[PDB]
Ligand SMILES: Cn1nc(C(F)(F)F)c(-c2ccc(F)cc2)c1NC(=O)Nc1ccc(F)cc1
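Heads up, the chain below is alone and in the form solved without this ligand; it's given as structure tokens.
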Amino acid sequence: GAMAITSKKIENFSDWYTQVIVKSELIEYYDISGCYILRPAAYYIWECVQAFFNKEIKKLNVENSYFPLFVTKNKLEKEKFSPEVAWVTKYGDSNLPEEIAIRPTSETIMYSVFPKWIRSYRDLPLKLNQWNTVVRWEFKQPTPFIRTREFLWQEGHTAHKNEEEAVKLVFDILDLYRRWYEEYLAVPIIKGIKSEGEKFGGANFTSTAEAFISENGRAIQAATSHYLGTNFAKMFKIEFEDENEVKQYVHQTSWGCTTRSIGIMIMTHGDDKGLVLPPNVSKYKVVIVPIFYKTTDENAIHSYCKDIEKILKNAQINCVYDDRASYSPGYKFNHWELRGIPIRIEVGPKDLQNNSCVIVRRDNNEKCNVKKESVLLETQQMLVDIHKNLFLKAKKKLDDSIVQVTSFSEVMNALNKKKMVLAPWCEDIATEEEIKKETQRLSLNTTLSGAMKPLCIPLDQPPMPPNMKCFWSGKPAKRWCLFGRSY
């Protein structure tokens, strides 16, 4: 009975995951499949990254707005997601006069009105962002945080007078996403360009951040930044009069990150005692647990712990003193380890008379004795050191998951050691499907598809030797590409 996780992360990944997100109180399941309740501990992470991203995109002059949840068939025909689109058809027990659709993304909704806001070069750039939810009602297997039917995200859309400005903003955003994942979630990502078979519909190109879950060998797209060029401008007639009084199409970007980031964080840092949180996204940085070794007095210990609590709160470090008289210290240790609190301070009589206390890190369980008036400083530093540790332990694990190959015969082996492969590729779009269908075929060897897809063409390219040929088709290769199984 007790608590904790009954599956080990390295042995039954999927069940370890569902156990962790339910018992850490991040998530509640719901009676519609693919929909989940975000309880306060998870919503707090989202609020944290929201504050960071809002502050960074105000420096780029992006402004927040809110657009409607619904779109008409009329405006949806200008883009001619068709099966992922949910249709509202009645109110109460009577039918609507015209059925309407719930947004899977806000391109058509927003660009239906862009033309009245953009008429001349004086109106550019236009830079909008929304924090909202979208609905993609697919019938594949959902995964909490990772792939859901309704999810929270941010979506930004910009319009510029030329291509250079737009592309610069695309890559500025992509580095903001790098920081979102590193400075707050302590998660390393790889920047790259999607192949033509995988880019956003209507984009000129799609840039992307990719993460990897090494325990089950799967890549996950972490965020995207599309250069749309003038494609949507042509569809929606977003013209402006330039400084030579010539009509031009705007050059557009759109970009998005979702609550999938939370999932990625859990899958990277979680362990067999459960959740591990980077301090910057944990509401409580410290939990103080008292220990009464049948002590002659509770109240010296109560007094001491609340002294430590006010030391910590005066310096704006939010913490909690678990003084519940009903539970034992061991119960409390596990209760807060499962909920991911980064630092635990224990005081017993032994520590009280040495004017000391025990500090325990949640990441490596290393315990340290520290004098009372030293605790604040040693807490601050150690919070910092926890982040770096999490990050670098994840960074190493990312680096050691990429096997460089030059022929298809090396590929299946690497996939079955739970790796991605970096391979020379001709980038012809037909080969994408072929590679998918062959890797799946040779996967006869755990609920998700064995196909390997192109994940991204890394921005950091290794040199392409002179006559190096494509690992799949034998044609002359153009670039190095990442392939792997994904979510």
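Just count from 1 along the sequence shown to find any residue number. Think of the rigid core as the biggest set of C-alphas that the two forms share within 1.5 Å after superposition.
Heads up, the form solved in complex with this ligand isn't pictured, but that's what we're talking about next.
- Run the site superposition, bring this ligand over from its position in the bound PDB entry, and let me know if the shown form is open or blocked under the 3-atom, 2.4 Å backbone or C-beta criterion. Pocket blocked on this form.
- Task: May I ask you to choose, among 359, 220, 118, 317, the residue with a heavy atom within 4.5 Å of this ligand in the bound PDB entry?
- Result: Of the candidates 359, 220, 118, 317, 220 is the one lying within 4.5 Å of this ligand in the bound PDB entry.
- Item | this ligand: the contacting residue among 149, 178, 387, 273 in the bound PDB entry [heavy atom, 4.5 Å] | Spelling it out, the residue with a heavy atom inside the cut-off is 149.
- Query: Which one of these stretches, 317 to 325, 241 to 249, 341 to 349, 255 to 263, sits within 4.5 Å of this ligand in the bound PDB entry when only heavy atoms are counted?
  - Reply: One stretch meets the cut-off, namely 255 to 263.
- Is residue 286 one of the residues lying within 4.5 Å of this ligand in the bound PDB entry, judged by heavy atom distances? So residue 286 does not count as contacting this ligand.
- Partner proximity in the bound PDB entry: residue 425 to this ligand, non-hydrogen atom cutoff 4.5 Å: Heavy-atom contact with this ligand at 4.5 Å: absent for residue 425.
- Contact of residue 487 with this ligand in the bound PDB entry (heavy atom, 4.5 Å): Close contact exists here: in the bound PDB entry, residue 487 approaches this ligand to within 4.5 Å, heavy atoms only.
- Query: With the partner left out of view, is residue 471 within 4.5 angstroms of this ligand in the bound PDB entry by any non-hydrogen atom?
  - Reply: Answer no; every heavy atom of residue 471 is more than 4.5 Å from this ligand in the bound PDB entry.
- Message: Taking only shifts of 2 Å or more in Cα after a rigid core superposition between the shown form and the other one, tell me which of 417, 388, 294, 310 qualifies.
- Response: None of the others reach 2 Å, which leaves 294.
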